[PDB]
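Reviewing the structure listed below.
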Amino acid sequence: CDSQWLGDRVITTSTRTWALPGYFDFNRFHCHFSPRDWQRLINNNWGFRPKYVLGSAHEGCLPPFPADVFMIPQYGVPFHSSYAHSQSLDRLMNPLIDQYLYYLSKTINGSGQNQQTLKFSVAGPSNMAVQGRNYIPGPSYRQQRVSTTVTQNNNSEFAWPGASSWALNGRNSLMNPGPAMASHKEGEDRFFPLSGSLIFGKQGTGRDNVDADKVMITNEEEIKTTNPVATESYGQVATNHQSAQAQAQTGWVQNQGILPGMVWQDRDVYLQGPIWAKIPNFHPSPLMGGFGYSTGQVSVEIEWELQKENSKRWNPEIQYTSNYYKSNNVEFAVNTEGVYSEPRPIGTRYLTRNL
Amino acid sequence: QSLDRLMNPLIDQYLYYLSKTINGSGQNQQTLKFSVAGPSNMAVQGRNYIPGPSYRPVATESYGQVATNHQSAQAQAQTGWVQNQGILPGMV
Amino acid sequence: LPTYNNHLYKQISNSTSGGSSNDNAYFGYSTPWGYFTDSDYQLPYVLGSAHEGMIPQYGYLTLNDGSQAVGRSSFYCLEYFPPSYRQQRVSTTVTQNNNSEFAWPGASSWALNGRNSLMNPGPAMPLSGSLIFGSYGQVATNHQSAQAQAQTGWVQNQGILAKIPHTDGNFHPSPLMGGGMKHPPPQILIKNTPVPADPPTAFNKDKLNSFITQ
Amino acid sequence: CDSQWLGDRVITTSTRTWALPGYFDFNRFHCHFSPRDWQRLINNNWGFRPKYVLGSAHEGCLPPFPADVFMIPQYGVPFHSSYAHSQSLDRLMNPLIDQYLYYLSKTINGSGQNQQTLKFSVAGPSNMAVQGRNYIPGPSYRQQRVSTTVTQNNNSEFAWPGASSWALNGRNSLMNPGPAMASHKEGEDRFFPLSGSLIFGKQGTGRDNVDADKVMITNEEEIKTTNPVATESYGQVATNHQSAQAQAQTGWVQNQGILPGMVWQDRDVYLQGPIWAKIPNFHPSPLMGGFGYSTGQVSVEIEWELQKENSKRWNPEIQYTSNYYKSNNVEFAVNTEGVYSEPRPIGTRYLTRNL
Amino acid sequence: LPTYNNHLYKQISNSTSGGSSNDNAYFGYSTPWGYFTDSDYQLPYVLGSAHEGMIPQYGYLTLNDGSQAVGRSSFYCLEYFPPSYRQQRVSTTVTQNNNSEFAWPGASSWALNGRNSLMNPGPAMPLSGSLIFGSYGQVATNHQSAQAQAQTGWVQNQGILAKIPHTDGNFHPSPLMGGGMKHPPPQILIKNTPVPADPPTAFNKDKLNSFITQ
Amino acid sequence: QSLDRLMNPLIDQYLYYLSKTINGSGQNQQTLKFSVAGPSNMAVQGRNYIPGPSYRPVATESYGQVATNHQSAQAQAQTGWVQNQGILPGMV
Amino acid sequence: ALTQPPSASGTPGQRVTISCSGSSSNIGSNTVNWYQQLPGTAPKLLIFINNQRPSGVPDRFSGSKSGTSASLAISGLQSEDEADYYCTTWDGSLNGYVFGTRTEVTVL
Amino acid sequence: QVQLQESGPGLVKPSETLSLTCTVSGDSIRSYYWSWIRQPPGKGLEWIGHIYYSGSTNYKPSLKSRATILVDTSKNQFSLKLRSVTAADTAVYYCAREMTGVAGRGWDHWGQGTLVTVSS
C-alpha cells in the first residue's frame, strides 16, 4: 500500500486481507485512493483514466480502509472529465456585439382587428434569449421531483407508481440512475430526482426503510451548464399550424432523444462509486459513471494517467477542503469504537474550463 | 440473457432507492424511507445500460413511462406513456 | 481601432442594461482589447456566435445567477498573456397568420437551468427555422381489439434512430448554423498600449487614470 | 506576463507599464503571482524560495493587476515554511506509555502542623503537563491585548502609552511587528496584539483615522503550536527561596530571550506581503516576513524552487478555496467602475506537517 | 508482542480518560502496531519522549481543542505503508521546606496556547530542574543622582548574549534531556497480521470482528 | 544610518497602526482607529530588524517597555521596564 | 432591560421626548442608540452613539446622554413619525446588548 | 450593497431543535460581527447572541446552553441553532449586522426577519 505521484501519472497500490468461506471485486474508487490522495487528484487535475456481474455496483468489494478484513462475496477510453464549466451553453456569445442575424419581433401592430404584421429585429445583447446558436443541450428523460422537506410532498404513496421506468418483454424496470441530467435548478437544493441520483448509505445504516438522514444523496448540479434539468421538460415544440382560425399551440417535451448538435456531460464519479463497466449501442459510457475456510492477502496496483490544469483564469478556484472547526472526531478517520466512516460523497468536479 | 438481469442474484447493491413516501393512511403522513437495492427487489436496481430505441424492446408495447409534472402537496404525481423513443447514451 | 473603456477592464451585467428579464440575464466583463493569439484556446471563444465585424471590442460572459455572480464564475485578464423538432408555421401573407402575438409564446424553445432559449435555427429540416439577414409521422397509441379501434398519434419531435464545445459527448458536431472543429482558427487579440499623460510631481499611490487619446 | 509550472520549479513573469515624473520596487508578492497561481502554490507545496530603502515595506511597487499603469516613487536562503504543524510542541509524547522519569507530586500529607513530606510519581498519560520535554517554545516579548469588541477595552487613551516599544539613543520606537508570536489563544479571535500583527488596508481606504472594517488584520494563529501567544506571559519563574518561614514566590515572564532548546516558526508571508529585506546579528530572517516626463515597459522574471508535499496523512487537508455564493462582484477581479481589489489577505500555511 | 486493540485503530481523548483538565487535555489515536521502517519520518516520532520499553503499543497525539479535534488534525493509517530560568529550590531536609503545597503552584512553567507546561528538566544549570529515575546577577534599575540612590534588582531569567522538530528556527538543538538530529534513527513498526476465525457461511458485508487469539 | 531610520523618508508604508482608541468628545467612548504609518510619524513603522541585546542600545538606559497586564474596561494598560534583554531573532 | 416610558404622544409640530434609564454598569458606561420600528417590518436606525445619526435620518430627530439616563428628541413631530421606538445599549455586567421596553408614538 | 435573508422551517414541534440560516448576499461577511435578535409577536426585542466572522461567539447569558451559532465563510452564510424549544420561543427572528466592523455599537443592516411558530 502506497501511492506514487510522478509527473502526469499516478500509481496506486492497495493491500487487503480477506477470508473465504467466489470472486474479487475492486471496482469502487475508494479501494485504490485515500481521501487525501483523492483530494490531491481532484483539485489539481482536469482528467484521469486507468492504464460478468462486476458492473452491477454490488457489495463485497474491497474495504475502503486497509486495516479492515473482508469476507469474499459468493458468485452467481477517454478521460473522465473532472471539471465544471465556467460558462453555460446559452451564454457563449460576446455581450458587447450584435449578431448580424434577425428574429421576428412583432406579429401584431397592436390590439384590434386584422392587425397582422411582421416586424424583425437584430438579435443582440439587449434581447439575449433569441440569438442563434450552433449547439443545444443534450437529451432528457424526465424524472419526478421529490423534496427533502416532507411537508412539500403530497400525502400519497407515489414511490413506485410515479417513478419513470422502461419495460423490456413485459417487465417494468425502474429508470435508475438514467441519463445524465442536472439534479435541480439553481437556488433549489432540497429537490432531487426520484431515481435520477446515486444514493449512498452512511456508516451503519440499516438495510430496510431508513430515514433520509441515514443516506447520502449525490447531486449533479455541476453539469447543469450543458445538461437539461432532470425534473424539467426539455422544452416546447409546435403542435399545430396557426391560422386566422386557430391559435399557435405548443407542448412540453418530456423525453428527448439525441439530435445532431447536442453536447452533454456524463455523470460524475465519486470516491464511493464504480469505476468500470462492461459494454453488453450509442455512447457506451455507463449510466452510473465510470469507464466502459481459507484466508490470504490481496494487493492490487493501478496506473492512472492524468490531465493537467492549463487554465489562465485569474481569480482563485473552488477547492475541496476540510473545514477547520472543532468536532468530536475527525472526518475520514475511525471513532472511539474503531469504526472507519465516510462523512460525505466526494464528487470529482472542482476545477473549471471555458465551454 | 436479458438486459435487466445482468445483476448478481446473490448480492445487494450499495446503492439505495426510495421505498416509501408515506408512513400510512391518514393526514400528513409524508415521510421518506430508503431501502437497499437487492435480490429481493430486482426492478429497482441501478443499471449502467438501457434497451435500444423503440417506435411503436417489443414493437407492440410502450418503451416506458415518464413523469409529466412536479408533484406537490396539491398535485399528485402523474406519468405518461412513451410511444416512440430516440437514441439515448447507454442504449443497445 | 479605438481605445475602449479608457484602458479598463470593467464588469458588465444584466442590471447594467436594466435587466428585469430572467431569460435575458447575464454576467460578464468588457475588456480594452479588440479582436497576440490564443493558440491554447484558453480564453472564452466568442467567434462562433455570428457576431458583427473597424475592430470590435472584446468581452465575454461567465456563469451567473440573475445579475449576480456565483462562485464558480471566472475572470480573465488578457494582459496576463504574452429527426425533427417542429417549428411553428408562419405565412408571409399577413391575413393568413392568426391575429395574435405568438412570436415568443408560440416559438419552439429549450430550457437550460430554468432559462428558456429560443430554438434557433434548430435542427436541419419555420417560425425560428431559418436565418434572417439585413410532423414526423404517426405511431400506434394503443392496442386494437374487438372493443378498441386502432388509435394513432402524431410525432412532433423525433431523435436519431464554429468551435465544438469541450464536453464528454456530442453527436454530429457540425454547427447548427452551418459549416465545426475542436481546434478552430485561433482568436487574435489587439489593443493600443496605453500612453499616460503628464503625472503629478509629488508621488501618488493611486493608479494613473490620465491618458492620451489615440 | 505568464507562469510556467515545471516540476519543482515555477517561472513567474510580470510586465507592467510605468510613468516617471526614482527606483523600481517589485518586493511584494502580488507583483509576481496572480491569485490563482498563489493558490496553486500554497495548496500543493511545503516550501519555496527564489532563484537601501526597499526592505521598509513602502508603497510604489508594481500594481497587482497587470493592466494598471503606475507611477515610479521618488528615492530618498532557506525555504520559507508554508505549512501548519499538525502537532503542538507540548503533545509530542506517546499518549499510551509512561515515562520512566519521576516528578514531585506532594509536599504535604494533608492539613496540619509540620506536614512536610516529599512524594514522587511517574510522569504518564494521566498527567501530561509535567512530562520532561526535549524542547521549548521560542522567545516572546509581550504585546498589549486589544479587543475588537470595544466595550471590552478600557476607556482610556492607551494607544501610545501602553504599547511595547524599544528606545534607541533616546528615541522611542514602537515594536512592530516584533518577534513572531501567535496572535491569540485558541477560541479567542476578537482580541488582537497592539503592534503584533501586520494590518493591510482594503482597496480605497482613507489615509487616516479609518475604522476597523476598512483594514484587514492578519493573524499568525497557525504558529500557536511552536510559538507563545503574543499577549500572554511566556511563563512563570521562581522569585525567591522557600523556607519554613517564607512561602514560594513566582513571577510572570513578560519578555524572554533565546534559550538552548527553543524552536519556533517565523512570521508568515502574504500575497500582499514583502518578499525580501536587506540584512543591515541573530536569525537574520526579517520580522515582517520573507527572506533576508517619461514612460515605458518593465518586465521582471523570477525562478522559484518548490518543495513538494510528501505526506502520508490519510484524511483530507485543509485547503485554500474560493468562496461560493451569489455576490455583486467576483473576488480578486474588477468592479463595474473597473477597480481591482484584494478582499482578503492571503497567508501561506494550509498543508500540515508533523512536529 | 501481543495483539493490541483487537486489530483496531481507536481514537483517544482526555474524555476517554475521564475528562482530566485543561493543561492535561489531549486528543489522538491508538494503533494496533507496536514498536517496516519509516525512513522518511512521515509518522509522528514518539521516541524522544523518554517512554518505557515487552513491545509497547504505538499511538500519537495530534492537534486538539479540549477533547475535541480541530479540522487540522491528522490521521495516519500505518497499514497504508508497504542563560538561566530560575527553579524553585527544594531541600531534602523536610522541616526546612515550607508547610504548604507548593509543588505545582511554585513550579516554574511555560505556557503555550493557553496551557501551562512545567519546565522540565529545563535549561542546563531545584524542583523540576533535574532528572529522576526509579538568580543570574543584578542590574541597575534607575539613574543615580543627588536625590536617588543607585538601585539594583535581581535577574530571575536571562537569555543568550531526540529528534529535532522541523521548524523555521532553533537554537542549540541539543535536547534538554541530553543526547539531537534532524534525521534520528528511524522508527520501526511491527504487528501481527490478523487471521480471522471461521466466517459465516452466507455472505455479509460487515468487516470481520472474529479473530484467533495470538 | 541608525537602525530605526533605514526607511525611505519620502514614502508611506502600506502597513497600518492603531492611531486612536478614544474617538468621542467628552464622553471619550472607546473606538478603534487606524492610520497609515508614514513620514509624518516614523516612530510607529514596522521594522524588519531590532537592536541587539542590552544588559544595563545605550547601557545607561532601559531597552524598552512591555505590556504587563491585559487591559479591560476596569483595568488600565500597564507597561513595565526592560532592564535586560537576551537575544531575539532579528536583533543586530 | 432598560426602563422606558410605555407611550409618548403629541400633535404635529410639537417636540416629543423619549427617555430611557439604566444602571451605571449599563447605560452609564458605554453608549446608547435608537431604533425606530414601523409595524410589520424590521427596525430602522435613528440615532447611534448617543448624539449622532445616519444620513438617511432627518435632522429633526435628536439624541443625548446624561449620566445614566439618555433621551431621544423629536422636533417638529409629523404623522410619519408614528411608530415604535427602542433604545439599545451594551451591558458590561451581562456582556451583551440590552433592549429597552418599546415606546409607541401617537400623533394627536 | 448588503442583503440579509433568513430561511428556516416556519413550524417546529415543541422540544425540537430550531434551525435558522442567514445568507448574506452582495457583500462578504469578513471583518464584521453578525447577530441574531429575536422578537415575540407584539413584544419587545431580545438579543440572542452574535458571532464574529472568524468564529468568536458571544451569547445572551440566560440563553446559553440552549443556543449555538455557526458561521460558514465559504458559503458566506451564517446560522443559529436553538434547542428544547417551547411556546416561549415562538417569535420573529432577525439577522442583523453589527456596525462599523466593531462589536458593541448597534446594528447597521437588518434582515427581513422570519416567523417561527412552535406548535403541533
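As shown in the C-alpha cells, the chain order sets the letters A, B, ...; within each chain, residues go from 1, and ligands are also counted from 1 in the order they appear.
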Where does range 99-178 of chain C meet range 53-62 of chain B within 8 Å, residue by residue, with the nearest atom pair and distance in Å to one decimal for each, counting only C-alpha atoms, listed by chain and rising number, as CSV?
residue,atom,partner,partner_atom,distance
C:139,CA,B:56,CA,5.8
C:140,CA,B:56,CA,5.8
C:141,CA,B:56,CA,7.7
C:143,CA,B:60,CA,7.9
C:161,CA,B:53,CA,6.9
May I have the residues from that selection written out with N, CA, C and O atoms, as a JSON list (two decimals), in the first residue's frame?
[["chain", "number", "residue", "atom", "x", "y", "z"],
["C", 139, "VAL", "N", -47.72, 7.21, -34.83],
["C", 139, "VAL", "CA", -47.43, 5.97, -34.13],
["C", 139, "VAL", "C", -48.72, 5.42, -33.55],
["C", 139, "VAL", "O", -49.67, 6.16, -33.27],
["C", 140, "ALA", "N", -48.74, 4.11, -33.35],
["C", 140, "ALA", "CA", -49.85, 3.47, -32.68],
["C", 140, "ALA", "C", -49.83, 3.82, -31.20],
["C", 140, "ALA", "O", -48.80, 3.66, -30.54],
["C", 141, "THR", "N", -50.94, 4.34, -30.69],
["C", 141, "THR", "CA", -51.01, 4.75, -29.30],
["C", 141, "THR", "C", -51.69, 3.73, -28.40],
["C", 141, "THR", "O", -51.76, 3.95, -27.19],
["C", 143, "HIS", "N", -53.55, -0.67, -28.16],
["C", 143, "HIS", "CA", -53.77, -1.99, -28.72],
["C", 143, "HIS", "C", -55.16, -2.04, -29.33],
["C", 143, "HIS", "O", -56.15, -1.74, -28.66],
["C", 161, "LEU", "N", -32.49, 7.44, -35.02],
["C", 161, "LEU", "CA", -32.84, 6.02, -34.93],
["C", 161, "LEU", "C", -31.87, 5.12, -35.67],
["C", 161, "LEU", "O", -31.07, 5.59, -36.48]]
Query - residue 80 in chain B surroundings by only C-alpha atoms, 8 Å radius, close-in-sequence under 4 positions cut, as an MDAnalysis selection string - result: chainID B and resid 65:68
I need the chosen residues saved as an mmCIF file, in the first residue's frame, with C-alpha atoms.
data_model
loop_
_atom_site.group_PDB
_atom_site.id
_atom_site.type_symbol
_atom_site.label_atom_id
_atom_site.label_comp_id
_atom_site.auth_asym_id
_atom_site.auth_seq_id
_atom_site.Cartn_x
_atom_site.Cartn_y
_atom_site.Cartn_z
ATOM 1 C CA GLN B 65 -43.336 5.778 -18.514
ATOM 2 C CA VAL B 66 -42.044 9.276 -17.776
ATOM 3 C CA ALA B 67 -43.066 11.826 -15.175
ATOM 4 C CA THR B 68 -45.329 14.534 -16.542
#
Query raised in the report: Residues of chain A within 8 Å of chain E, using only C-alpha atoms, as a ChimeraX atom specification?
Result: /A:1-2,14,19-21,59-60,66-74,293,295,322-330,333-339
Give the superposed chain B as an mmCIF file with C-alpha atoms, in the first residue's frame, the fit being least squares on chain F over all ordered C-alpha pairs.
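Dumped everything to out_14.cif:
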data_model
loop_
_atom_site.group_PDB
_atom_site.id
_atom_site.type_symbol
_atom_site.label_atom_id
_atom_site.label_comp_id
_atom_site.auth_asym_id
_atom_site.auth_seq_id
_atom_site.Cartn_x
_atom_site.Cartn_y
_atom_site.Cartn_z
ATOM 1 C CA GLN B 1 22.960 55.204 9.723
ATOM 2 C CA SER B 2 20.807 54.148 12.654
ATOM 3 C CA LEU B 3 18.690 51.026 12.894
ATOM 4 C CA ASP B 4 15.361 52.847 13.077
ATOM 5 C CA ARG B 5 15.944 55.224 10.150
ATOM 6 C CA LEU B 6 16.407 52.685 7.322
ATOM 7 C CA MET B 7 13.061 53.764 5.813
ATOM 8 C CA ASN B 8 12.581 55.801 2.667
ATOM 9 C CA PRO B 9 11.786 59.296 4.003
ATOM 10 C CA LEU B 10 9.680 60.113 0.947
ATOM 11 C CA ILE B 11 7.232 57.206 0.893
ATOM 12 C CA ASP B 12 4.428 55.744 2.992
ATOM 13 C CA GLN B 13 4.178 52.128 4.056
ATOM 14 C CA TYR B 14 1.189 50.099 2.955
ATOM 15 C CA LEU B 15 0.962 48.912 6.552
ATOM 16 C CA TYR B 16 -1.367 50.454 9.132
ATOM 17 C CA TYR B 17 -1.088 51.075 12.862
ATOM 18 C CA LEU B 18 -3.575 51.944 15.587
ATOM 19 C CA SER B 19 -3.854 55.716 15.759
ATOM 20 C CA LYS B 20 -6.794 56.375 18.113
ATOM 21 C CA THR B 21 -8.491 54.386 20.838
ATOM 22 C CA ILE B 22 -11.088 57.087 21.629
ATOM 23 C CA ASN B 23 -12.992 59.792 19.819
ATOM 24 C CA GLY B 24 -12.490 62.332 22.579
ATOM 25 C CA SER B 25 -13.165 63.218 26.174
ATOM 26 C CA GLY B 26 -16.317 61.883 27.761
ATOM 27 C CA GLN B 27 -17.992 58.604 28.578
ATOM 28 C CA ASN B 28 -18.125 55.644 26.221
ATOM 29 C CA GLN B 29 -15.862 57.160 23.586
ATOM 30 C CA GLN B 30 -14.172 53.887 22.629
ATOM 31 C CA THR B 31 -13.299 53.615 18.953
ATOM 32 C CA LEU B 32 -10.564 52.166 16.781
ATOM 33 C CA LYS B 33 -8.853 54.363 14.203
ATOM 34 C CA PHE B 34 -5.986 53.220 12.008
ATOM 35 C CA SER B 35 -3.570 55.362 10.026
ATOM 36 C CA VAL B 36 -0.933 54.805 7.382
ATOM 37 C CA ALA B 37 2.608 54.546 8.650
ATOM 38 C CA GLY B 38 4.501 57.218 6.785
ATOM 39 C CA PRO B 39 7.211 59.868 6.811
ATOM 40 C CA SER B 40 4.968 62.012 8.989
ATOM 41 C CA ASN B 41 5.289 59.533 11.870
ATOM 42 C CA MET B 42 8.522 57.551 11.695
ATOM 43 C CA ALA B 43 8.357 55.894 15.082
ATOM 44 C CA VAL B 44 5.334 53.717 14.369
ATOM 45 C CA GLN B 45 6.599 52.091 11.186
ATOM 46 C CA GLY B 46 7.140 48.359 11.068
ATOM 47 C CA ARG B 47 10.754 47.251 11.049
ATOM 48 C CA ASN B 48 12.343 43.974 10.051
ATOM 49 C CA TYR B 49 15.183 44.165 12.569
ATOM 50 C CA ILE B 50 15.616 45.271 16.170
ATOM 51 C CA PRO B 51 18.658 46.430 18.146
ATOM 52 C CA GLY B 52 20.785 43.877 19.927
ATOM 53 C CA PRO B 53 20.599 42.811 23.561
ATOM 54 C CA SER B 54 21.098 45.152 26.483
ATOM 55 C CA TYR B 55 22.061 44.674 30.124
ATOM 56 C CA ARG B 56 21.904 47.910 32.090
ATOM 57 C CA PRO B 57 21.546 50.314 22.593
ATOM 58 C CA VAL B 58 22.847 52.646 25.293
ATOM 59 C CA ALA B 59 24.099 50.806 28.361
ATOM 60 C CA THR B 60 22.821 53.520 30.722
ATOM 61 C CA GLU B 61 19.177 53.240 29.617
ATOM 62 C CA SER B 62 16.319 50.780 29.416
ATOM 63 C CA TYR B 63 15.882 48.670 26.313
ATOM 64 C CA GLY B 64 12.219 49.630 26.103
ATOM 65 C CA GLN B 65 8.757 49.109 27.541
ATOM 66 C CA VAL B 66 6.501 46.049 27.524
ATOM 67 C CA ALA B 67 2.826 45.642 28.325
ATOM 68 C CA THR B 68 2.193 44.278 31.797
ATOM 69 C CA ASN B 69 -1.520 43.436 31.666
ATOM 70 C CA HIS B 70 -4.664 42.866 29.668
ATOM 71 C CA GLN B 71 -6.518 46.117 29.339
ATOM 72 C CA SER B 72 -10.275 46.153 29.702
ATOM 73 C CA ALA B 73 -13.082 48.542 30.495
ATOM 74 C CA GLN B 74 -12.050 48.419 34.149
ATOM 75 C CA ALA B 75 -8.253 48.299 33.924
ATOM 76 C CA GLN B 76 -5.980 50.764 32.171
ATOM 77 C CA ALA B 77 -3.104 49.692 29.972
ATOM 78 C CA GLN B 78 0.042 49.263 32.042
ATOM 79 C CA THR B 79 3.630 49.062 30.836
ATOM 80 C CA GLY B 80 6.949 48.381 32.499
ATOM 81 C CA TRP B 81 10.625 48.872 31.852
ATOM 82 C CA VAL B 82 13.047 46.338 30.414
ATOM 83 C CA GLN B 83 16.307 46.542 32.325
ATOM 84 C CA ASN B 84 17.892 43.482 30.706
ATOM 85 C CA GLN B 85 17.041 41.740 27.445
ATOM 86 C CA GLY B 86 18.362 38.492 26.020
ATOM 87 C CA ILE B 87 18.710 37.618 22.359
ATOM 88 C CA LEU B 88 15.669 37.768 20.104
ATOM 89 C CA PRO B 89 15.473 36.815 16.428
ATOM 90 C CA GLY B 90 16.148 39.926 14.392
ATOM 91 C CA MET B 91 18.627 41.497 16.796
ATOM 92 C CA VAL B 92 21.938 42.903 15.602
#
Requested in this report: Would you mind listing what lies within 10 Å of residue 21 in chain C as a ChimeraX atom specification, with only C-alpha atoms counted and same-chain residues fewer than 5 positions away left out?
Outcome: /A:127-129 /C:14-15,26,66-67
Report task. Identify, on the basis of only C-alpha atoms, every residue whose closest approach to residue 54 in chain G does not exceed 10 Å; exclude the query and any residue fewer than 5 positions from it along the same chain; express the result as JSON, numbers by chain. Result -> {"G": [45, 46, 47, 48, 59], "H": [108]}
Requested in this report: Point out the residue among G:98, G:105, G:75, G:85 with the least atom-to-atom distance to residue 13 in chain G, counting only C-alpha atoms.
Outcome: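 Closest to residue 13 in chain G of all the choices is G:75.
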Report task. List the neighbours of residue 354 in chain D out to 8 Å using only C-alpha atoms; skip same-chain residues closer than 4 positions along the sequence, and give me the result as a PyMOL selection string. Result -> (chain D and resi 85-87) or (chain E and resi 42-44+166)
Export, as a PDB file, in the first residue's frame, the selected residues with C-alpha atoms.
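Everything below was put into out-v2.pdb:
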ATOM      1  CA  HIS D  85       2.236  21.872  12.271  1.00  0.00           C
ATOM      2  CA  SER D  86      -0.219  19.060  12.923  1.00  0.00           C
ATOM      3  CA  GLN D  87       1.219  18.638  16.396  1.00  0.00           C
TER       4      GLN D  87
ATOM      5  CA  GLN E  42       6.351  10.747   7.817  1.00  0.00           C
ATOM      6  CA  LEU E  43       4.814   9.436  11.036  1.00  0.00           C
ATOM      7  CA  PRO E  44       4.750  11.204  14.396  1.00  0.00           C
ATOM      8  CA  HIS E 166      11.113  20.562  11.887  1.00  0.00           C
TER       9      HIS E 166
END
Requested in this report: State, in Å with one decimal place, the distance from CA of residue 149 in chain D to CA of residue 103 in chain H.
Outcome: 4.6 Å
Report summary line: A straight line from CA of residue 20 in chain E to CA of residue 89 in chain D spans 19.4 Å
Query raised in the report: Near range 27-40 of chain A, within 6 Å and counting only C-alpha atoms, which residues show up once chain neighbours fewer than 4 positions away are dropped, as a list in words?
Result: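 The residues that qualify are residues 12, 14, 62, 64, 271, 272, 273, 274 and 275 of chain A; 314, 315 and 316 of chain D.
CA of residue 66 in chain H to CA of residue 51 in chain H spans 15.7 Å [interatomic distance, one decimal].
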Requested in this report: Name the residues in contact with residue 87 in chain G at a cut-off of 8 Å, using only C-alpha atoms, excluding same-chain residues fewer than 3 positions from it; report them as number ranges by chain.
Outcome: G: 2, 20, 32-35, 99-100
**Report entry** DSSP-assigned strand (DSSP E or B) members of range 9-110 of chain C, reported as a list in words
**Finding:**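 Of range 9-110 of chain C, only residues 10, 11, 12, 13, 27, 28, 29, 30, 31, 32, 33, 34, 37, 38, 51, 57, 58, 59, 60, 61, 65, 68, 69, 85, 109 and 110 of chain C fall in strand (DSSP E or B).
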Requested in this report: Up to 12 Å from chain B, what residues of chain C turn up? Count only C-alpha atoms and give them as a count of residues only.
Outcome: 26
